Amino acid sequence: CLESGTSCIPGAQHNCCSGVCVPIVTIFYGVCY
């Protein structure tokens, strides 16, 4: 799973450990909760 702080893409298949992808710059660049 993508760990906390690791970049994910909000709207795409975000396999984060919490599952939550937090948009930082935009919805094109976020980080997992």
# chains A, B, ... in the order shown; residues from 1 in each chain; ligands from 1
>>> residues_around(residues="residue 13 (chain A)", least_positions_apart="4", cutoff="12 Å", atoms="only C-alpha atoms", output="VMD selection string")
chain A and resid 1 to 2 7 to 9 19 to 21 32
>>> select_by_dssp(residues="chain A", states="strand (DSSP E or B)", output="list in words")
residues 7, 8, 10, 12, 21, 22, 23, 24, 25, 26, 29, 30, 31 and 32 of chain A
>>> write_last_selection(atoms="N, CA, C and O atoms", output="JSON list (two decimals), in the first residue's frame")
[["chain", "number", "residue", "atom", "x", "y", "z"],
["A", 7, "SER", "N", 3.07, 10.11, -2.67],
["A", 7, "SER", "CA", 2.20, 10.75, -3.61],
["A", 7, "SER", "C", 1.22, 9.76, -4.27],
["A", 7, "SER", "O", 1.60, 8.65, -4.67],
["A", 8, "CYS", "N", -0.01, 10.19, -4.35],
["A", 8, "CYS", "CA", -1.07, 9.47, -5.00],
["A", 8, "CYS", "C", -1.80, 10.46, -5.90],
["A", 8, "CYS", "O", -1.53, 11.68, -5.84],
["A", 10, "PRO", "N", -5.46, 11.80, -6.63],
["A", 10, "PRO", "CA", -6.87, 11.83, -6.24],
["A", 10, "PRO", "C", -7.79, 11.74, -7.46],
["A", 10, "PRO", "O", -7.76, 12.60, -8.33],
["A", 12, "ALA", "N", -7.78, 8.79, -9.26],
["A", 12, "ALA", "CA", -7.25, 7.60, -9.90],
["A", 12, "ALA", "C", -7.27, 6.44, -8.90],
["A", 12, "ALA", "O", -7.84, 6.58, -7.82],
["A", 21, "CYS", "N", -6.58, 9.70, -0.20],
["A", 21, "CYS", "CA", -5.64, 10.46, -0.97],
["A", 21, "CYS", "C", -5.99, 11.94, -0.84],
["A", 21, "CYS", "O", -7.09, 12.36, -1.23],
["A", 22, "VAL", "N", -5.10, 12.69, -0.24],
["A", 22, "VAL", "CA", -5.30, 14.10, 0.05],
["A", 22, "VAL", "C", -4.64, 14.95, -1.05],
["A", 22, "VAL", "O", -3.43, 14.90, -1.21],
["A", 23, "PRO", "N", -5.43, 15.72, -1.86],
["A", 23, "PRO", "CA", -4.89, 16.59, -2.91],
["A", 23, "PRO", "C", -4.08, 17.74, -2.31],
["A", 23, "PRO", "O", -4.58, 18.50, -1.48],
["A", 24, "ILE", "N", -2.83, 17.85, -2.73],
["A", 24, "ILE", "CA", -1.96, 18.87, -2.17],
["A", 24, "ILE", "C", -1.84, 20.04, -3.12],
["A", 24, "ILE", "O", -2.25, 21.16, -2.80],
["A", 25, "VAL", "N", -1.32, 19.79, -4.30],
["A", 25, "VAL", "CA", -1.15, 20.83, -5.28],
["A", 25, "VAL", "C", -2.47, 21.01, -6.02],
["A", 25, "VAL", "O", -3.02, 22.11, -6.09],
["A", 26, "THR", "N", -2.99, 19.90, -6.50],
["A", 26, "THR", "CA", -4.22, 19.83, -7.27],
["A", 26, "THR", "C", -4.74, 18.40, -7.10],
["A", 26, "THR", "O", -4.20, 17.64, -6.27],
["A", 29, "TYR", "N", -1.92, 15.91, -8.16],
["A", 29, "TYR", "CA", -0.80, 15.60, -7.28],
["A", 29, "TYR", "C", -1.25, 15.70, -5.82],
["A", 29, "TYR", "O", -1.51, 16.82, -5.30],
["A", 30, "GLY", "N", -1.36, 14.57, -5.18],
["A", 30, "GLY", "CA", -1.73, 14.51, -3.80],
["A", 30, "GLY", "C", -0.83, 13.57, -3.06],
["A", 30, "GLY", "O", 0.10, 13.03, -3.65],
["A", 31, "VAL", "N", -1.08, 13.37, -1.78],
["A", 31, "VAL", "CA", -0.33, 12.43, -0.95],
["A", 31, "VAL", "C", -1.30, 11.62, -0.10],
["A", 31, "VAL", "O", -2.38, 12.11, 0.24],
["A", 32, "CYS", "N", -0.96, 10.38, 0.18],
["A", 32, "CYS", "CA", -1.79, 9.51, 0.98],
["A", 32, "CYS", "C", -1.80, 9.96, 2.43],
["A", 32, "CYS", "O", -0.77, 10.45, 2.94]]
>>> decode(residues="chain A", atoms="C-alpha atoms", output="short mmCIF file (atom, residue, chain, number, x, y, z; two decimals), in the first residue's frame")
data_model
loop_
_atom_site.label_atom_id
_atom_site.label_comp_id
_atom_site.auth_asym_id
_atom_site.auth_seq_id
_atom_site.Cartn_x
_atom_site.Cartn_y
_atom_site.Cartn_z
CA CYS A 1 0.00 0.00 0.00
CA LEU A 2 1.11 3.60 -0.57
CA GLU A 3 2.17 4.95 2.78
CA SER A 4 1.50 8.25 4.47
CA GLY A 5 3.26 11.06 2.63
CA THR A 6 3.71 9.08 -0.57
CA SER A 7 2.20 10.75 -3.61
CA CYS A 8 -1.07 9.47 -5.00
CA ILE A 9 -3.41 10.82 -7.62
CA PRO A 10 -6.87 11.83 -6.24
CA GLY A 11 -9.43 10.43 -8.64
CA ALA A 12 -7.25 7.60 -9.90
CA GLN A 13 -6.61 4.17 -8.36
CA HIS A 14 -5.10 5.19 -5.05
CA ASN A 15 -3.98 2.03 -3.24
CA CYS A 16 -2.89 4.02 -0.08
CA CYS A 17 -2.73 2.22 3.32
CA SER A 18 -5.54 4.37 4.75
CA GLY A 19 -7.11 4.57 1.30
CA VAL A 20 -7.43 8.31 1.55
CA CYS A 21 -5.64 10.46 -0.97
CA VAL A 22 -5.30 14.10 0.05
CA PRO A 23 -4.89 16.59 -2.91
CA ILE A 24 -1.96 18.87 -2.17
CA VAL A 25 -1.15 20.83 -5.28
CA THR A 26 -4.22 19.83 -7.27
CA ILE A 27 -6.16 16.61 -7.96
CA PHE A 28 -3.21 15.79 -10.23
CA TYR A 29 -0.80 15.60 -7.28
CA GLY A 30 -1.73 14.51 -3.80
CA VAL A 31 -0.33 12.43 -0.95
CA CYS A 32 -1.79 9.51 0.98
CA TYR A 33 -3.17 10.12 4.46
#
